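Reading through the structure tokens given below for one structure.
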Amino acid sequence: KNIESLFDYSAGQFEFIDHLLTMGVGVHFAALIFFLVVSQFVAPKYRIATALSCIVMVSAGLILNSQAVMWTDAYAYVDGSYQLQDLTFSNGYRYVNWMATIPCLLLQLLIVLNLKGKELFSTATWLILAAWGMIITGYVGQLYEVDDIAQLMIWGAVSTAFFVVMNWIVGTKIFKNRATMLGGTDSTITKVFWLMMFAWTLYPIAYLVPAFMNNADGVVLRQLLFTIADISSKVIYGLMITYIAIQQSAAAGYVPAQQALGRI
Ligand SMILES: *C/C=C(C)/C=C/C=C(C)/C=C/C1=C(C)CCCC1(C)C
Ligand SMILES: CCCCCCCC/C=C/CCCCCCCC(=O)O
Ligand SMILES: [Cl-]
Ligand SMILES: [Cl-]
């Protein structure tokens, strides 16, 4: 049902996709160790924001690892090209993983925005419902990326509606709560918003690849877009969230944060 299954791949195409996914694994688990060690310099009220980046690194790292092994399981070099064997490859499992990872990315944002108690719970709930609506409709849509492009497009339109509404909740909370933020991170959080807008928009672009580039090179392009998007939306984003958490920790008088920023 996925366009990947339609084509044979050159040695170059196959190996590049393998390297992309493997590099993805390496970057996420390397970042994991960074977030782990810096977590001790985060104040208790923000420390979960850094913990969530650790959780996202392993979740994303495992899905990329699984995709890479699925890639090599599914294809073998036969008569001059990599050809599909008995096992299958599908990006569908990425969608399932987003059900967990996207709420984690959203929650760590709400935490460094200094949302608390009732507002935190209600905002998270609405955000997660919007995100789940987006993911589920998108998942359904990509089931048709070979059989029914028109259906892919309509489910994609519905998903994009959830996407836009989710982004509106995010933007509204960011620009409303920007003023509460310490240590100059009122400035930084604005860049986080734009980073999110950029990186997350790469995913629906990948979703549409079967509509504008239905061939083996399109398959490569989609994996390339996922790689850019994953690293931007999880790793670079996580680094910014953690930087914001530490800076606010220091401004709030958390001594390990002050000491850590002092050594650099
Ligand atoms: C770490 C993974 C992330 C941040 C994934 C984000 C995914 C999206 C923003 C997906 C968006 C989609 C649309 C807006 C329309 C097409 C269907 C989706 C689900 C790919
Ligand atoms: C935040 C940015 C992260 C960047 C991740 C991407 C790193 C590797 C990028 C690809 C370079 C282009 C390689 C040329 C593709 C050859 C085409 C082919 O052989 O199939
Ligand atoms: Cl605290
Ligand atoms: Cl993920």
ask   = PRE reach from residue 58 (point 7 Å along Cα→Cβ): which of segment 86-111 fall under 20 Å by backbone N?
value = 94, 96-109
Rule-of-thumb Rg ratio for the chain [Cα; 2.2 N^0.38 Å; N residues] = 1.09
query = What share of all Cα pairs of segment 1-153, in percent, falls into each consecutive 10 Å distance bin?
reply = 10, 29, 31, 20, 9, 2, 0
note = The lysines whose Cα lies under 30 Å from the Cα of residue 45, excluding any fewer than 8 residues away in the same chain, are 116, 118, 173, 176, 191, 234
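Don't worry about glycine lacking a Cβ; one is built from the backbone with ideal geometry, like all the others, and counts go over all protein chains shown. Read-outs: derived from the displayed coordinates by stated rules, not from any lab.
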